[PDB]
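K.L.:
Here it is, the structure in full.
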Amino acid sequence: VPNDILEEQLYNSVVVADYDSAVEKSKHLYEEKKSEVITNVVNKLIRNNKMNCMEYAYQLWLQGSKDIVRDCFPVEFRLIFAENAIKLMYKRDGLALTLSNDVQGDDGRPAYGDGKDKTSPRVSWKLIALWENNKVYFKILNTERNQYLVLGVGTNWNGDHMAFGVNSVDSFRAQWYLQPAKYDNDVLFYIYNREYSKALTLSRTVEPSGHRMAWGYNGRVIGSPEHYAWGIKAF
């Protein structure tokens with residue numbers, strides 16, 4: 021077996037979502053001094069906007085291969101799965117996501133891109149994996165407020181949903197899946213809601229203080245991560 025065939029095999033395995041055999045292959049290769057194959061494969065999954073890349077990483081993390089995820093994937097993956105604190109930064113506008121600090125309701129805090137704040141604890145978040153139907157999904161937890169990001173049931177005229185924090189996860193509205201992408205020299209992700217299949221985005225309508233409210237966008241984003249995707253920073 022040449023690197024081409026072995027690589028194609030590993031990639032094929034990831035794309036068809038046969039994760040036990042993809043992990044078998046990886047564990048083999050990392051032992052046989054063939055890390056460049058796994059690394060090329062990651063790069064190709066990530067260039068091709070393949071979602072399976074998340075499940076593949078998580079399966080390595082769960083099956084005694086954290087080290088492969090640490091060495092052969094970009095640091096973001098480790099940041100996700102180690103449930104380290106992160107900042108979700110909207111690529112298009114360069115704002116960090118947060119929850120409002122002043123709320124007249126007892127229920128949920130509205131989410132938005134913070135105009136002044138890239139630093140304070142208010143932009144700290146954590147992603148929490150769960151496994152269902154051969155797929156990986158995430159709860160998104162604001163660390164200061166101990167509240168989960170959700171989309172609501174209501175919609176505006178175009179059919180976007182509001183995003184805000186809620187105390188717990190009892191539905192698919194509070195779950196999310198990631199689709200990796202590349203722009204410039206960095207890794208980005210679109211973030212879709214599990215219930216409604218909409219991407220989390222910031223409105224083009226600016227608030228006086230530079231703010232932009234967060235919405236579940238009803239529209240097409242694939243192809244333009246420099247407009248609709250998020251960077252994950254180590255905080």
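Going by the working numbering, the first residue of the sequence shown is number 21, and it counts up by one from there. Cβ coordinates follow ideal geometry from the N, Cα and C atoms, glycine included.
#1: Starting from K45, trace the alpha helix (DSSP H) in both directions and tell me its first and last residue.
#2: For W145 and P22, I'd like the C-alpha separation in whole angstroms.
#3: Short check: CB of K111 to CB of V143, under 8 Å?
#4: Given this structure, state the Cα-to-Cα distance separating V62 from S46, to the nearest angstrom.
#5: Taking C-beta to C-beta, are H231 and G135 nearer than 8 Å?
#6: Label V95 either buried or exposed according to how many other C-beta atoms from any shown protein chain fall within 10 Å of its C-beta, with 16 as the threshold for buried.
#7: Between which two residues does the beta strand (DSSP E) carrying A183 extend?
#8: Are the CB atoms of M71 and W250 nearer to each other than 8 Å?
#9: Under the DSSP definition of a beta bridge, which residues are partnered with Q167?
#10: Cutting at 8 Å between CB atoms, please list the residues of its own chain near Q167, excluding the five before and the five after it.
#11: Output the residue ranges of the beta strand (DSSP E) runs that lie fully inside the region 219-248 and measure 3 residues or longer, sorted by chain position.
#12: Quick test of your reading: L150 and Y216, contact by CB under 8 Å. State the CB separation rounded to the nearest angstrom.
#13: According to DSSP, which residues form a beta bridge with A116?
#14: Classify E75 as buried or exposed, calling it buried when 16 or more other Cβ atoms lie within 10 Å of its own Cβ.
#15: Just to confirm, is the Cβ distance from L147 to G133 under 8 Å?
#16: By Cβ distance, which residues of its chain are closer than 6 Å to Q195, with the 5 residues on each side in sequence left out?
#17: Compare the beta carbon distance of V89 and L80 with 8 Å and say whether it is the shorter of the two.
#18: According to the neighbour-count rule (16 or more other Cβ atoms, all chains shown, within 10 Å of its Cβ), is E51 buried or exposed?
#19: Does the distance from the C-beta atom of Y210 to that of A201 stay below 8 Å?
#20: The alpha helix (DSSP H) that contains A254, what's its start and end?
#21: Looking at the secondary structure, which residues open and close the beta strand (DSSP E) in which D206 lies?
P.N.:
So, from the listed chains and residues:
#1: Along the sequence shown, one-based indexing puts residue 45 at 25. Where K45 is concerned, the enclosing alpha helix (DSSP H) stretches over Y39 to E51.
#2: Position 125 of the sequence shown, counted from the start, is the residue given in the question as residue 145. Position 2 of the sequence shown, counted from the start, is the residue given in the question as residue 22. Rounded to the nearest angstrom, the two C-alpha atoms are 43 Å apart.
#3: Here residue 111 is taken as the residue at index 91 of the sequence shown, counted from 1. Here residue 143 is taken as the residue at index 123 of the sequence shown, counted from 1. No, the pair does not count as a contact, with Cβ atoms beyond the cut-off.
#4: In the sequence shown, counting from the first residue as 1, residue 62 sits at position 42. In the sequence shown, counting from the first residue as 1, residue 46 sits at position 26. If you take the alpha carbons of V62 and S46, they lie about 11 Å apart.
#5: The sequence position of residue 231 within the sequence shown is 211, counting from 1. The sequence position of residue 135 within the sequence shown is 115, counting from 1. Their beta carbons are under 8 Å apart, which means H231 touches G135 by this criterion.
#6: Position 75 of the sequence shown holds residue 95. With fewer than 16 other Cβ atoms within 10 Å, it is exposed.
#7: As a position in the sequence shown, residue 183 is number 163, starting the count at 1. Per DSSP, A183 belongs to the beta strand (DSSP E) from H181 to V186.
#8: Taking the first residue of the sequence shown as 1, we reach residue 71 at position 51. Taking the first residue of the sequence shown as 1, we reach residue 250 at position 230. Taking 8 Å as the Cβ cut-off, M71 and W250 do not qualify as a contacting pair.
#9: For the purposes of this step, residue 167 is identified with residue 147 of the sequence shown, where counting begins at 1. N162.
#10: Translated into the one-based positions of the sequence shown, residue 167 becomes position 147. So the list reads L119, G128, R129, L161, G185, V186 and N187, once near-sequence residues are dropped.
#11: 219-222 and 232-237
#12: Within the sequence shown, residue 150 is the residue found at index 130, counting from 1. Within the sequence shown, residue 216 is the residue found at index 196, counting from 1. So it is not a contact: roughly 18 Å between Cβ atoms.
#13: In the sequence shown, counting from the first residue as 1, residue 116 sits at position 96. Per DSSP, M109 and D134.
#14: For the purposes of this step, residue 75 is taken as residue 55 along the sequence shown, with counting starting at 1. Per the 10 Å Cβ criterion, buried.
#15: Stepping through the sequence shown from its first residue, residue 147 is reached at position 127. Stepping through the sequence shown from its first residue, residue 133 is reached at position 113. Their beta carbons are not under 8 Å apart, which means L147 does not touch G133 by this criterion.
#16: Here residue 195 is taken as the residue at index 175 of the sequence shown, counted from 1. Cβ neighbours of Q195 beyond the five flanking positions: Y157 and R214.
#17: What you label residue 89 is simply residue 69 of the sequence shown in a count that begins at 1. What you label residue 80 is simply residue 60 of the sequence shown in a count that begins at 1. It is a contact, given that the beta carbons lie within the stated cut-off.
#18: Taking the first residue of the sequence shown as 1, we reach residue 51 at position 31. Classification for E51: exposed.
#19: On the sequence shown, residue 210 is found 190 positions in, with the first residue counted as 1. On the sequence shown, residue 201 is found 181 positions in, with the first residue counted as 1. Cβ atoms of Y210 and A201: closer than 8 Å.
#20: Position 234 of the sequence shown holds residue 254. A254 -> no alpha helix (DSSP H), and no H or E assigned at all.
#21: The residue given as residue 206 occupies position 186 in the sequence shown. Per DSSP, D206 belongs to the beta strand (DSSP E) from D206 to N213.
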